Amino acid sequence: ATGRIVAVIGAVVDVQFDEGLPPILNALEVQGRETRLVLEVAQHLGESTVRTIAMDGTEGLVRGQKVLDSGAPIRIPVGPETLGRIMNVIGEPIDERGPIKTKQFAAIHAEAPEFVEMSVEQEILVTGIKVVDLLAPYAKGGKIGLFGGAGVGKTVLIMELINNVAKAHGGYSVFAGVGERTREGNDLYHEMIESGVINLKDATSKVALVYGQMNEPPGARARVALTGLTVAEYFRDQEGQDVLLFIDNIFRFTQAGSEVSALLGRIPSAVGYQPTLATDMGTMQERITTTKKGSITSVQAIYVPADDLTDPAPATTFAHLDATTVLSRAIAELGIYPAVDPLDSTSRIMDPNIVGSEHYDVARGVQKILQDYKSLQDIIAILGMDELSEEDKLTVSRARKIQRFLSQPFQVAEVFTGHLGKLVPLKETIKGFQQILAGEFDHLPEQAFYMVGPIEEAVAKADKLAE
Amino acid sequence: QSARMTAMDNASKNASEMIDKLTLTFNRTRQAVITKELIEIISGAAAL
Amino acid sequence: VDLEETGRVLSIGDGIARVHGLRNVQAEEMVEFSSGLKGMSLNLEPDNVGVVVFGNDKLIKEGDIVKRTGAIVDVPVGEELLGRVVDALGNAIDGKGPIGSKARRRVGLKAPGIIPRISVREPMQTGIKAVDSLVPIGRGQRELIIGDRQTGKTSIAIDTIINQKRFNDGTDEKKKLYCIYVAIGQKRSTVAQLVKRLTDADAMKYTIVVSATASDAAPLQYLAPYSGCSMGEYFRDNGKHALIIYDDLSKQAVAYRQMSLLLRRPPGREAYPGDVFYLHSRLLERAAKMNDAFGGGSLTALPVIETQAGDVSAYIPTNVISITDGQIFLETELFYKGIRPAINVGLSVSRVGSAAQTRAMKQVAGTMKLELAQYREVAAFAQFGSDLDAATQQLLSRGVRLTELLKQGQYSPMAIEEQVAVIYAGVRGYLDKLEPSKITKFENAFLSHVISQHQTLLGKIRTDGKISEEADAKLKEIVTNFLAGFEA
Amino acid sequence: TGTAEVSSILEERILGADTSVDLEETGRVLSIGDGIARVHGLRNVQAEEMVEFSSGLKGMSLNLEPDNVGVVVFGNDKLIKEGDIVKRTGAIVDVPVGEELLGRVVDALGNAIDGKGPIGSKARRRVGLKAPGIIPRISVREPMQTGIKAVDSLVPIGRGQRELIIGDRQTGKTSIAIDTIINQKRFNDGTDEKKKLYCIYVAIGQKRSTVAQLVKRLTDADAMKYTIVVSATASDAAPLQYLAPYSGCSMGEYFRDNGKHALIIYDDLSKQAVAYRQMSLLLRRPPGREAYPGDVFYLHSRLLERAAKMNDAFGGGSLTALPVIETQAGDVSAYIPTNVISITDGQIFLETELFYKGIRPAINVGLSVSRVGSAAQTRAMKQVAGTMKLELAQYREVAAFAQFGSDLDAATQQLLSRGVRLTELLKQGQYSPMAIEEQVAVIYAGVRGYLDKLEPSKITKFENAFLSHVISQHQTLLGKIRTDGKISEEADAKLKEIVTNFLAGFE
Ligand SMILES: Nc1ncnc2c1ncn2[C@@H]1O[C@H](COP(=O)(O)OP(=O)(O)O)[C@@H](O)[C@H]1O
Ligand SMILES: Nc1ncnc2c1ncn2[C@@H]1O[C@H](COP(=O)(O)OP(=O)(O)O)[C@@H](O)[C@H]1O
Ligand SMILES: [Mg+2]
Ligand SMILES: [Mg+2]
């Protein structure tokens, strides 16, 4: 339809329609701009007035300025022709390599799957990393979250997740950078290109990028998760695939929704957020659940404010979380890359009714022996009994070997380090840690486990070290 | 020296526990202060 | 067409449809939008009616024609909703065909007065050793499960639900059960696996599941435990005993907070308005044993309230403790220590449960509560203890053995006679020569031994609700004989 | 209840059709508040558009609410009266940019304030343009040298990025900015276009006498070739303090589009947030948190993410943003410090107990980090600063054990001693930035550990005497370090020899 801009506050411009009117949560092409100016309709107040969150720099908008109405909530280009492509929440390519020549569009602002479109089987999603799939394993339909930073290997673990899931399962992935820094987004794009996840040469790339940058208004940042989730919902519902939505930041999603609901005149909630926090997280975090056909799975980088857990954005986030794998620098300065802490990573699926009694027995043995190593490491650091017993030296040797064994050479680090990257399936992790905890490989040095994939190659590394 | 090392180990543990408890009540007091100030500003701008 | 009985949406905004006209409407009335949706007409004004919708606002335009139903907000109800996942409004969302409801129970009536009520007297066993031994529930009663994130909270309710299968496959209707699980703000996948575990455990005949998950709208999460109380209130008024669990009743108050703030209501404490206490009070207060003149029946409400990092006094846990007449309390640092469930027995009450015992459990768990109350002064004395008294170390060790006995896995609730027999082997010190890494092994061992070989004395315990003296001697005989014949 | 419904415009509307004020290009002033006019008319004005008031004033127009244009007055509100005539200019407000703005203190509309003649600008860039995207920019490829040894070693800046100076009030934090400016004299004296530099100091809501002190310090350090000083002091209006960072950032955007490098120092950017909160709350925009409205993060991000290095197709121009934030008693958890720390690519954190403890400049780190701060270094400083950072990371754990360090073991005693020598190497006098070559030499001496025997109060005297000795005698060695870019075994052997001989002849 054709309406008219009548007032402008940033990402809040309202359109006065005189005829046929778009419903709540819809798209509007503001014309006369050098670009598109897409708007999102909601609030019909009168003379068909709709309060549209306005998605770009709204300098140049005049009263009575004509607005075309497109119907659909937002159409983005989805497809297998979107892989290796950077788009933004309009659906527009911002990597400057031509348009995204695909066949089927899809509307962001879709709904959750129904209760009959659900999977009642918690299949353990196996990444292929030993420490991940042994101490905090993933779930098909999980909403898992990684607690990383700058110096830790977050990007290396992300690209390793993409390659391991694209090789082991048949799933591609999508990376929604929500509030993604343009410097950091450009470095992550060149990092994926030089690692080989994105290929600019042919049609073999493995990830689709949706970068909603910080310089965009919060109306255009609270939709980045929705856009990347819409691309991944294309992969879920028309291939039946094992998909990964990597959201780099859930706090900037919550902050963008908070600033939208602040700009729309709503009385804000508690600690500074929006009233609709749990509802918006409900819409997105329940579209990323598994279905009967595909297994979208979010891995999401999460920021806790003031190092607080009781803040409402981590409260709703941890209400939807499943694994919470910690990345850190302590075990990275212990040489293990990257320091995924398992002792602070409490996965919900770690349960012998779900993953099995052998897997849970091995995981409890590993976590208990590293907790006991941390206590006896404190005692051997203060030197109270100095090697406390033979059992002390035995568990110190075992758990030092285990901490060296939790490392894995990564295929994304193969291009500049000759340590070839291995994929280690679940059964081999179980067999390896079971044979280490059983005292079978006590007669090996601790160095024979650092950066080795399976356990039999750790045997061969112990053989090649004995020179 | 043995019993002094034991007493300072236990006092560091009790002090760390009380740091944890006081950090939790600091955070909830911080959130209450932010929500109180926010409700005062919103009440002013609404009663305007 | 007619502004008497129909009306037009002036402005649907954040959660409110201000509809024009609609003069024949009455307050708090389910009025339906021609988008197929429902809403409830709240505040009537001389220019418009504020109807809050029961779904998203995306499906509703401006000027979409709104039509009265003619009756106050209801939900379909009955025994024909048994075995089934329903929505908050009553629509079956499990996909296996529509409901065969004939009656229609109003969603917002008042709790009974103080005369048709009668106090709690029937024993409701959750099946958990800790809960039914120390903090029991009565048919008639409000018992809040308070705990943190990922603690134990839903699994206690699922064990309480699964426990009732042996009573429901039985004879007497004065013991059978009809259970409602109102999942408010949950993940939809968690409700799916809940229904899968109940179907796998054949645990559905009692069970209605009223689902208003997180992707559902917030005034739909406002309505869900009211609809569940209408289900259990139908059963209570007909005189059939009923259970209900409010999974994350804090999320019901979060949804009411958010729609309250969209109605521009003045926020109060941590942005929750003044109406939060009235919300959970008119919700929970419908539980009572009925006087036998009023049919004779009961409701048992179990809300599940969620605290941030062990905050029993936040704002909402104080409200829903001040409403419920029991606070089954849970902790998290116990749950990392390996004890499941993590009942903080000294701080966990259930209040008025110690009149709805079995009278075998009075004979076997009053001494247990005393011997475990002796344990709650000596844990620090065991921390700093190298030269302790022999009796003090003995009572400390018996408290260790009892808190090892109360551990229990998922999805295997105990029968009440099994609980009395295990606790009888636990209280007066048959465990005292065993090691705490073996008590759960010993417990599973003689539980299997008693349930296989000695079913007759279990029948005598569950038949006459008392440890008889000959049964006392024979159960002492079989505990000593198993303890002699059980090596490692 | 309407805002434009008053009996004046209603009476002139219904007594007869006017068609005389034209209602589109002009507009009559309705209710004029404390700094905001809500003018009637301007049907053809656009959003964020600078109009002029018949007194001779300017003022930029936002909110348009269907009958009224929210023009915020660019000046004193004493001389704007109800009923005055506004006029459109026709364009969103521009800033006169160019290479003729250099060495002249200007004011946020682009007009000269120091009284030494007008600006000879040739082109006006539209302020508030969009930031360059992902493909046109590239990462930090040049090392941005502060001259502060602590910053250039532990948290170095990159030509191509944004680095947020954060601290309490009167805790360094502008002295680091003036050292960052005065350091670039030696790179602006000579050749190498990809080394020469243009600093832009955007003072937002300072005193005006301290801007006079700033420009006198830059003139008598001869810092007016690189520098532009944009000034919107505390006496100036709220929107003119709001628009000050975008003006200087548009000048820097001119400098980085035309090949050259530039940095910008947003001094008191929190005061820019305060001025935006003032003008928005008087526009009755809904307040968010701490009364800051919704788009405050959008404001500082649209300001700060214009700084990036450009790819070799789009010149080679780079910008370096250095925002400055006063925190209120270490409250890093406030609104504006959390927003800008989430925006910016590094922080230089100044906790103040180090300042009064006597290690100046006050960069008290551990909270301070640069997220790219290893690739933004020369290989000399990369090697020496990497080993030095690991030594200080081992030091800072054990300082509370070093107050009782006398009765502990010897391994700690050695580690804590080395950390004390390095931590007193990192202190530096005010307004004297060190070049990269001499700070590589000094921190090299501290890392190789020719200082572990000296007294603590004699480290700084050694530092000054070693600077005098290395500048006077061994010029060619600093030439080796600044031309090779690194130590390659001959500078290493010669520095072994000269530091052993000068430690042999110090006292
Ligand atoms: N043996 C067990 N007994 C009781 N609870 C268990 C057992 N094993 C695991 N659990 C816990 O039961 C929990 C079920 O979720 P729950 O904490 O009850 O509610 P929610 O996590 O939805 O708030 C899981 O988080 C799991 O950690
Ligand atoms: N050697 C030094 N190194 C660093 N900062 C110093 C040194 N000597 C003085 N200063 C302080 O640096 C300050 C720079 O001003 P600034 O902190 O921006 O003022 P404000 O208090 O308004 O923030 C001066 O007030 C001065 O006291
Ligand atoms: Mg639960
Ligand atoms: Mg200052």
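Numbers and lists here come from the model and the stated rules, or from a named source; these are not laboratory values. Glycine also receives a Cβ, built like all others from the backbone with ideal geometry; neighbour counts cover every protein chain displayed.
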query: Looking at A:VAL152, is it more than 14 Å from chain C (Cβ to nearest Cβ), touching a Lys or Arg at 6+ places or on another chain (Cβ under 7 Å), in a loop (DSSP other than H, G, I, E, B) and β-branched (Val, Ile, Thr)?
result: yes
Screening C:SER298, C:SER260 for residues that are crowded, with 24+ Cβ neighbours inside 10 Å, in the same structural domain as C:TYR181 (by CATH) and under 30 Å from B:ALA47 (Cβ atoms) leaves only C:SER260
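For A:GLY60, state whether it is away from chain C (no Cβ under 14 Å), buried (at least 23 other Cβ atoms within 10 Å of the Cβ), of a type outside the set (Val, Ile, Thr) and not in a strand (DSSP E or B).
Numbers: away from chain C (no Cβ under 14 Å): yes; buried (at least 23 other Cβ atoms within 10 Å of the Cβ): no; of a type outside the set (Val, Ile, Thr): yes; not in a strand (DSSP E or B): yes.
Considered against the rule, which asks whether it is away from chain C (no Cβ under 14 Å), buried (at least 23 other Cβ atoms within 10 Å of the Cβ), of a type outside the set (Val, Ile, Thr) and not in a strand (DSSP E or B), A:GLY60 comes out as no.
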Subset of the range D:361-381, residues closer than 16 Å to D:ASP152 by Cβ, surrounded by fewer than 17 Cβ atoms within 10 Å (Cβ to Cβ) and more than 20 Å from the chain's Cα centre (by Cα), comes to D:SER374, D:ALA375, D:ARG379
A:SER389 meets each of (1) more than 29 Å from the chain's Cα centre (by Cα); (2) buried (at least 16 other Cβ atoms within 10 Å of the Cβ); (3) of a type in the set (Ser, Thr, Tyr) with one exception, condition (2)
All conditions in (1) crowded, with 24+ Cβ neighbours inside 10 Å; (2) free of Cβ contacts under 8 Å to residues at least 40 places away in the same chain; (3) within 30 Å of A:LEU420 (Cα to Cα) are true of A:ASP202 except (1)
- Consider C:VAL352 carefully, then state whether it is surrounded by fewer than 20 Cβ atoms within 10 Å (Cβ to Cβ) and under 23 Å from C:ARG142 (Cα atoms). yes
Considering every residue within the range C:135-154, establish whether at least one is hydroxyl-bearing (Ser, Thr, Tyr) and without any contact (Cβ under 8 Å) to a residue 60 or more places away in the chain. no
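Restricting to the range D:175-209, what's the tally of residues that are closer than 16 Å to D:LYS149 by Cα and outside any helix (DSSP H, G or I)?
Residues that pass the stated criteria total 2.
What's the total number of residues in the range C:400-416 that are part of a helix (DSSP H, G or I) and either more than 22 Å from C:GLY152 (Cβ to Cβ) or touching a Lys or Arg at 6+ places or on another chain (Cβ under 8 Å) (or both)?
Residues flagged as part of a helix (DSSP H, G or I) and either more than 22 Å from C:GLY152 (Cβ to Cβ) or touching a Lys or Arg at 6+ places or on another chain (Cβ under 8 Å) (or both) within the range C:400-416 amount to 2.
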D:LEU390 vs (1) within 30 Å of D:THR483 (Cβ to Cβ); (2) assigned to a helix (DSSP H, G or I); (3) in contact with a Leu (Cβ under 9 Å, 6 or more places away or on another chain): all pass except (3)
Filter the range C:130-163 for residues that are within 14 Å of chain A (Cβ to nearest Cβ) and more than 23 Å from C:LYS205 (Cβ to Cβ); the one that is farthest from ligand 4 (Cβ to nearest atom) is C:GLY152
Restricting the range D:316-345 to residues that are more than 10 Å from chain A (Cβ to nearest Cβ), of a type in the set (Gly, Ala, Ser) and away from ligand 2 (no atom under 16 Å from the Cβ), the one farthest from D:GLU193 (Cα to Cα) turns out to be D:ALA321
A:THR230: passes all of (1) closer than 14 Å to A:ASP248 by Cα; (2) touching a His at 6+ places or on another chain (Cβ under 9 Å); (3) β-branched (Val, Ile, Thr) but (1)
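For residues in the range A:3-36 being of a type in the set (D, E, K, R) and more than 9 Å from every other protein chain (Cβ to nearest Cβ), which is surrounded by the fewest Cβ atoms within 10 Å (Cβ to Cβ)?
Kept after step one, since they are of a type in the set (D, E, K, R), are these residues of the range A:3-36: A:4, A:14, A:18-19, A:29, A:33-34, A:36.
When the remaining residues are screened for being more than 9 Å from every other protein chain (Cβ to nearest Cβ), the result is A:4, A:18-19, A:29, A:33-34, A:36.
Numbers: A:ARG4: 15, A:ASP18: 11, A:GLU19: 9, A:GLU29: 15, A:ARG33: 14, A:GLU34: 6, A:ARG36: 16.
Of everything passing the filter in the range A:3-36, A:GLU34 is surrounded by the fewest Cβ atoms within 10 Å (Cβ to Cβ).
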* To do: Considering every residue within the range C:172-181, establish whether at least one is within 13 Å of ligand 3 (Cβ to nearest atom) and assigned by CATH to the domain that holds C:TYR222.
  => yes
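Which ones in the range A:313-340 are away from every other protein chain (no Cβ under 13 Å) and either surrounded by fewer than 17 Cβ atoms within 10 Å (Cβ to Cβ) or within 16 Å of ligand 3 (Cβ to nearest atom) (or both)? Break it down into steps so the answer makes sense when it comes.
Kept after step one, since they are away from every other protein chain (no Cβ under 13 Å), are these residues of the range A:313-340: A:325-328, A:331, A:334-340.
Hits for the range A:313-340 are A:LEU334, A:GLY335.
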Flagged pairs (Cβ under 7 angstrom, 6 or more apart or on separate chains; first in the range D:440-457, at negative phi; second assigned to a loop (DSSP other than H, G, I, E, B) and of a type outside the set (S, T, N, Q)) are D:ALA445/D:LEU451
Within the range D:91-113, residues being charged (D, E, K, R) and assigned to a loop (DSSP other than H, G, I, E, B) number 3
If we keep only residues of the range D:35-48 that are surrounded by 23 or more Cβ atoms within 10 Å (Cβ to Cβ) and within 11 Å of chain A (Cβ to nearest Cβ), then the residue nearest to the chain's Cα centre (by Cα) is D:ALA47
Looking at this structure, is A:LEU39 surrounded by fewer than 22 Cβ atoms within 10 Å (Cβ to Cβ) and not assigned by CATH to the domain that holds A:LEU188? no
Taking first residues from the range B:17-36 that are more than 8 Å from chain A (Cβ to nearest Cβ) and surrounded by 12 or more Cβ atoms within 10 Å (Cβ to Cβ) and second residues anywhere that are assigned to a helix (DSSP H, G or I) and among the hydroxyl-bearing types (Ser, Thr, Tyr), the pairs with Cβ under 6 Å that are 6 or more apart or on different chains are none
Counting only residues in the range D:301-340 that are more than 16 Å from ligand 4 (Cβ to nearest atom) and charged (D, E, K, R), the one surrounded by the fewest Cβ atoms within 10 Å (Cβ to Cβ) is identified as D:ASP312
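Let me confirm something: among D:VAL72, D:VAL97, which residue is under 29 Å from the mean Cα position of the chain (by Cα), buried (at least 23 other Cβ atoms within 10 Å of the Cβ), of a type outside the set (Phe, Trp, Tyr) and more than 14 Å from chain A (Cβ to nearest Cβ)? Spell out the reasoning first.
Numbers: D:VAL72 fails: more than 14 Å from chain A (Cβ to nearest Cβ).
Answer to the check: D:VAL97.
Restricting attention to the range D:248-297, report how many residues are within 10 Å of chain A (Cβ to nearest Cβ) and closer than 18 Å to D:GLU163 by Cα. First the steps, then the outcome.
Residues of the range D:248-297 that are within 10 Å of chain A (Cβ to nearest Cβ), as a first pass: D:280, D:283, D:285-290, D:292-297.
Now drop any that are not closer than 18 Å to D:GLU163 by Cα, which leaves D:297.
Counting residues in the range D:248-297 that are within 10 Å of chain A (Cβ to nearest Cβ) and closer than 18 Å to D:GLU163 by Cα gives 1.
Quick one: is A:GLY240 assigned to a helix (DSSP H, G or I) and either facing chain C (nearest Cβ under 10 Å) or surrounded by fewer than 24 Cβ atoms within 10 Å (Cβ to Cβ) (or both)? Break it down stepwise before answering.
Details: assigned to a helix (DSSP H, G or I): no; either facing chain C (nearest Cβ under 10 Å) or surrounded by fewer than 24 Cβ atoms within 10 Å (Cβ to Cβ) (or both): yes.
The answer is no for A:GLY240.
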In the range C:259-294, anything in a loop (DSSP other than H, G, I, E, B), over 17 Å from C:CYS229 (Cβ atoms) and in contact (Cβ under 8 Å) with a residue 24 or more places away in the chain is listed as C:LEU263, C:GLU270, C:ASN291
Among C:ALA242, C:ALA271, the single one that is of a type in the set (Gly, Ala, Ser) and out of contact with any strand residue (DSSP E or B) (no Cβ under 8 Å at 6 or more places or on another chain) is C:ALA271
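Given the criteria buried (at least 20 other Cβ atoms within 10 Å of the Cβ) and within 27 Å of A:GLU40 (Cα to Cα), does A:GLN104 qualify? Break it down into steps so the answer makes sense when it comes.
Values: buried (at least 20 other Cβ atoms within 10 Å of the Cβ): no; within 27 Å of A:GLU40 (Cα to Cα): yes.
No, not satisfied.
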